[PDB]
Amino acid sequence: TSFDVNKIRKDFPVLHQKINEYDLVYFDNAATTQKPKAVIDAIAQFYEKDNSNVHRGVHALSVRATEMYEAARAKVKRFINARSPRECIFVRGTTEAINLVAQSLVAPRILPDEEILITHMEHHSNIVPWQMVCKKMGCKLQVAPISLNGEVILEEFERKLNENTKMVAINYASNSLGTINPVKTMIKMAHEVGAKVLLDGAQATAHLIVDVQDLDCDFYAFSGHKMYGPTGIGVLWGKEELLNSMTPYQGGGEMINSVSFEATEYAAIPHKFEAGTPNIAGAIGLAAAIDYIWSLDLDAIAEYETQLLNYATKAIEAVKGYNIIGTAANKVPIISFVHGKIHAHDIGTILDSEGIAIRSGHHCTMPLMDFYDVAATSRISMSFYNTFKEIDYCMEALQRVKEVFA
C-alpha cells in the first residue's frame, strides 16, 4: 500500500497505550472513532482563545466565535455537497436528526392509512422514532427484507413501495453487517411513488464521499463521533423547501425572530431548528475532523480500508470455525461473525484480555439478530489507522479463543 498508516497513527494519541501487557488494538470504530490531535487541539483552542456565545453579539470574542460556528456549518455543506449551508442543521447526533424529521415532518402530516418504509437492517435509531409516530398517528411501519448475504432485496423493496408510502427511511451503510446499500437507486424508486427519503449516514459518512445532490435524498443524518470528531455533535441535512415547510422541533431562544405572549415568529433555517445555545465547540471540532479527513483524501482512505477489509475477511475465514454475517459485494470495513459453539460475549471478553477492542452484542440491530437466528454477533470494525499487523494479531487471538473452548 501507498497509504502511510505508520505516519497517520502518530496523529492519534489514544492508540499508543497498553491494556495490561498488550498493545491496544482498537477494532470498535463502528461504535465510536478515535480523534486526531488536530481535532483535540481545535476544541482546546476554542476554549483557550475564542469562547463566547454566538449570534446577536457586539463584542470581539462573540463576533469571532459566531463566524467560526457558521464557518463550520459551511464546511459541513462542502463535505456533503449540500446546495446551501442553510440546509445543514447541527444536532447532537444521528439519533436526534432522525427524531427531528419524525416529529417535524412526518407526525404532523401522516394519516392512518399511510405507511413508513424502512429496511430490516436499520439501527434502532432509524426504527424507534418511526414506531413512535405509528403508535400515535395510526400509520403502518413496513419493513423491506434482506437476503442472507446482508443485501436489501431490491425487488421486494420496490414491491413494498406504494402510493400510500409517505416516508422512506433507509440505512446507507450498516453498522452491524457493513453493507453499503444502493441508496441512489432506492431513492429514485421511492420518489416514483411520492415518498420523501431520509438516509441514515452514521456509518457511511466516515468511509465514503457523501454527495447529497447526486443521491437526491431528501434528508441525510450523521454523527460527528463516528467520523473522528467530538461527541455531542451531529448533522441533519434536508432539502431547503422541505425544511422550510416543516414545523420547528425544539422551541426556545435563538430559533425565534420575535416572542410575545400574543404571537411568536420563528427564525429562518437553519436557526429555526437550533433551539438554545448550540454545541459551539462540538461544531468547531467537527469542522476540524472534516479538515483532517480531507488531508488524508477520502479516495485514499477508501482504497486502504478496502485492503484492510479484504485482508481481514480472508484471514478470519482461514482461522476456521468463525462464520461471517454480512457478505455484501459493497461494504464499509466491518466484519460481524459468529461461532457455532462459543458465545459472542466470550469472544469479546477474551479478545479484550489481549488488548483487542471489539463489540459483542446486538449492535442496536435486534431485528437483524432475529433474522439471522442468533442472540449476538462479534464485530470487528476498522478505520484507516488500523494495520495488517493488528489484523494478524486479532486472528491469532481468535484462534486462542477456540483453544479455550477446545
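All residue numbers refer to positions in the sequence shown, first residue = 1.
*Asks:* Given the B-factors recorded for C-alpha atoms, which segment has the greater mean, 151 to 159 or 210 to 218?
*Replies:* Stretch with the higher mean C-alpha B-factor: 151 to 159.
*Asks:* If you average the CA temperature factors as listed in the entry, which stretch comes out higher, 56 to 64 or 357 to 365?
*Replies:* It is 56 to 64.
*Asks:* Can you tell me which of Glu122, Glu265, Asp291, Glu87 has the highest Cα temperature factor in the record?
*Replies:* Among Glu122, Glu265, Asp291, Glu87, the PDB entry lists the largest C-alpha B-factor for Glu265.
*Asks:* Can you tell me which of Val101, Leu286, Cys139, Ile280 has the maximum CA B-factor listed in the PDB entry?
*Replies:* Spelled out: the listed residue with the top C-alpha B-factor is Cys139.
*Asks:* Going by the entry, which third of its chain does the Cα temperature factor of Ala375 land in?
*Replies:* Highest third, going by the recorded CA B-factors of the chain.
*Asks:* Looking at the C-alpha B-factor of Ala38, is it in the lowest, middle or highest third of its chain?
*Replies:* Within its chain, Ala38 is a middle-third residue by C-alpha B-factor, going by the deposited values.
*Asks:* Would you mind checking where the Cα B-factor of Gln17 ranks among the modelled residues of its chain, as the lowest, middle or highest third?
*Replies:* It belongs to the middle third of the chain when residues are ordered by C-alpha B-factor.
*Asks:* Against its chain's modelled residues, does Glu240's Cα B factor rank lowest, middle or highest third?
*Replies:* As the PDB entry reports it, the C-alpha B-factor of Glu240 lands in the middle third of its chain.
*Asks:* State the tercile, meaning the lowest, middle or highest third, of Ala144 with respect to the CA B-factors recorded for its chain.
*Replies:* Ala144: CA B-factor falls in the highest third of its chain.
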